[PDB]
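One structure is given below, encoded as structure tokens.
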Amino acid sequence: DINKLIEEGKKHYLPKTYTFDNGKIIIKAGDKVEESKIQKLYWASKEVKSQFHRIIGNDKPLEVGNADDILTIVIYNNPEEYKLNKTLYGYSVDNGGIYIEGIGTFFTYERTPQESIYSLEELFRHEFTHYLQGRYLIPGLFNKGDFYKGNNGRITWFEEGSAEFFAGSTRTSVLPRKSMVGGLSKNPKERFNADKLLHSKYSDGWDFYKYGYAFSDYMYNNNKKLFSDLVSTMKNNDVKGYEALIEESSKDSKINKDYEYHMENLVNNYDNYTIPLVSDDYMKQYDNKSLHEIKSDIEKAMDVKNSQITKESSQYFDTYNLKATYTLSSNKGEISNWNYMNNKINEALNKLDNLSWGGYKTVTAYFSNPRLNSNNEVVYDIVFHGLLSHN
Ligand SMILES: [Ca+2]
Ligand SMILES: [Zn+2]
């Protein structure tokens, strides 16, 4: 059978397999892709994931039973061997990487600095965001859901721009990427305006990635309300609402002005930025700490009670998920509430970091899915994720 011939080709070029989160993440890699680097990628995914949920405000799969219930990651040794993915898997290789939502799989390759301005972790983080968008943000499958029907390129600027943006995720924020900021034109006149960006499409080329990235960072830092409203329409599959929002935003001269001002500030601070990558804290061996002890410290740190903590197994370590709810005593509106929760969660992470156990340096956390209880109070789901112990 032809299928047997293909798998032998896969096993040849991608002999190594690494599994995380009880098999929910499977990384197939070439022999030359470093084991330590792959482990780092897992932790990188958690930083992006937590920031993504904070901003998107949903951590529930939009559709249960989809192939992205398991995330498969394919990493080739180098750019040259990546081209074989077309024959082996059947997908386009004219890119740094690609995510195929239908099979919950994203493909990429290790590279030296000479071959690309982006590191593997950087591209990994970008591609991971597509997986997050597919699973939690955009209903239906890529190119098939309602957001793609009709005008196929309607969400493209945001889908790619936010993917670039979320690649700068850290444990507490989303920070600018030197590689993306450097791509922005030094001449203000040459930069995209909002209207141009908001109607960009794949056939336009690759420039809108950088400007979409810049607009995302603008929204996050200076227009959280627009970011929030955009993701709400997406989650609701409200295509008309999104389109109305795009038209209003494109023709808003103040939005364009503030967007261009944000880019100037980004370009001005170029030397201050670095490539956000995962710290060495994730690889270090730590003293064993009890699950009950971790739960207790996190409950104290976050001021939540009756939390549920669950251990999960990966290939070379165990991790935990702590689930809790937090009730906001005063509802002061979406953005003010957002900032309160973001600051509160970050304060919790800092408190845990300041504790003696070095394991707390691996913790990522988010808040999501706000709702009103009886008595009109804002209840948030709260999730903390961290290393339990290396094997
Ligand atoms: Ca989807
Ligand atoms: Zn992309």
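For the single chain, residues carry numbers from 1 onward in sequence order. Read the numbers this way: they start at 1 and go in the same order the structure lists the ligands and their atoms. The basis for the numbers below is simple: all heavy atoms, side chains too, and nothing from hydrogens, waters or symmetry mates.
The atom name of the N/O/S atom in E101 closest to the Ca ion (ligand 1) is OE2.
The six-membered or imidazole ring of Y202 lies away from that of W157, with a centre-to-centre distance of 6.0 Å or more. Ring centers of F215 and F158: at least 6.0 Å apart, outside the cut-off.
Of all protein atoms, those that are N, O or S and lie under 2.8 Å from the Zn ion (ligand 2) total 3.
One side chain, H130 or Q133, offers a donor N or O that lies under 3.5 Å from an acceptor on the other. For the residue pair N223 and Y218, a side-chain donor N or O sits within less than 3.5 Å of a side-chain acceptor on the partner.
Not a single N, O or S atom of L141, from either the backbone or the side chain, sits less than 3.0 Å from the Ca ion (ligand 1). Not one N, O or S atom of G145 sits under 3.0 Å from the Ca ion (ligand 1). Here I138 meets the criterion, with an N, O or S atom under 3.0 Å of the Ca ion (ligand 1).
Looking at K201 and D204, a side-chain N of the basic residue comes within less than 4.0 Å of a carboxylate O on the acidic one, giving a salt bridge.
Under the 6.0 Å distance and 45° angle rule, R111 counts as a cation-pi partner of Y109.
In this pair, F165 and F227 present their aromatic rings tilted. The plane angle is within the 30 to 60° band.
One distance of note links OH of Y42 with CZ of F20; it measures 7.5 Å at 0.5 Å rounding.
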